[PDB]
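First, one chain by itself: the form deposited in one PDB entry, in structure tokens.
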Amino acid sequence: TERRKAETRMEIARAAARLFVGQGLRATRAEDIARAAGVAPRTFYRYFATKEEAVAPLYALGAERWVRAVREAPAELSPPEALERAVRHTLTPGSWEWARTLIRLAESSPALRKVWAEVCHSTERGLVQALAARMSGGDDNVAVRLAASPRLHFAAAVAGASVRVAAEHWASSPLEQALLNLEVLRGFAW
């Protein structure tokens, strides 16, 4: 593995975030982010095509924590339990306000909305792979069948949406909403 690429990507991301909240997206330019990250423009563009794409790593961070929390939940737990536990772990504060502002920024920028939508959408497949495993009964072979299941694809989307929508509303106006939202899966044919 080489996480150095990954290390540098985050450093740039954290720089972009401070600037976007500090000065706004329009005022901030890709070149300014590079300066802020203590790196050359050529390097910036090696990793990101545009200023807005530079936030993705921060978003990915929140989303991966959620998926990991589902995967790491104790085996004995049921999926909706695992889902409830995951939500609570992430969205009950471990900063917090800075998250609120970064998501808030997406409401006002199409380009940032794209990044946000893209990160959340990617999370879905991961989440299917987490849920599939949990129900798998240990057989990877049995699991792979379930991960190709449209029913599971939809459930994953609904769980994702429960958190994402809450987060979005929280930012524009999250725990209480996400949990309320999840209730819609109560009956779900897992």
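For clarity, a rigid core is taken as the largest C-alpha set superposing within 1.5 Å between two forms. Note that residue numbering follows the sequence shown and begins at 1.
The modelled chain breaks between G94 and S95, where 4 to 9 residues of the deposited sequence lack coordinates.
Going from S173 to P174, the model skips 4 to 9 deposited residues, which lack coordinates.
Taking only CA atoms, the mean B-factor in the PDB entry is higher for 16-24 than for the other of 16-24 and 163-171. As recorded in the PDB entry, 103-111 is the stretch of 116-124 and 103-111 with the greater mean C-alpha temperature factor. As recorded in the PDB entry, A34 shows the highest C-alpha B-factor of the residues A34, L58, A157, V70.
Within the listed group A54, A143, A63, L152, the record reports its top CA B-factor for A143. The PDB entry assigns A49 a C-alpha temperature factor belonging to the middle third of its chain's modelled residues. Sort the modelled residues of the chain by CA B factor and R85 lands in the lowest third. In this PDB entry, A147 carries a Cα temperature factor that places it within the middle third of its chain's modelled residues. When the CA B factors of the chain's modelled residues are split into thirds, the value for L131 lands in the lowest one.
Only in words, not in the display: the form deposited in another entry, which the text now covers.
Superposing the two forms on their core leaves just one of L146, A155, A60, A36 with a Cα displacement of at least 2 Å between this form and the one not shown, namely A36. Put the two forms on the same core and the Cα of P110 is off by 2 Å or more between this form and the one not shown.
In the core-superposed comparison between this form and the one not shown, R46 has its Cα shifted by at least 2 Å.
Once the rigid core is overlaid between this form and the one not shown, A13 counts among the residues whose Cα shifts by 2 Å or more.
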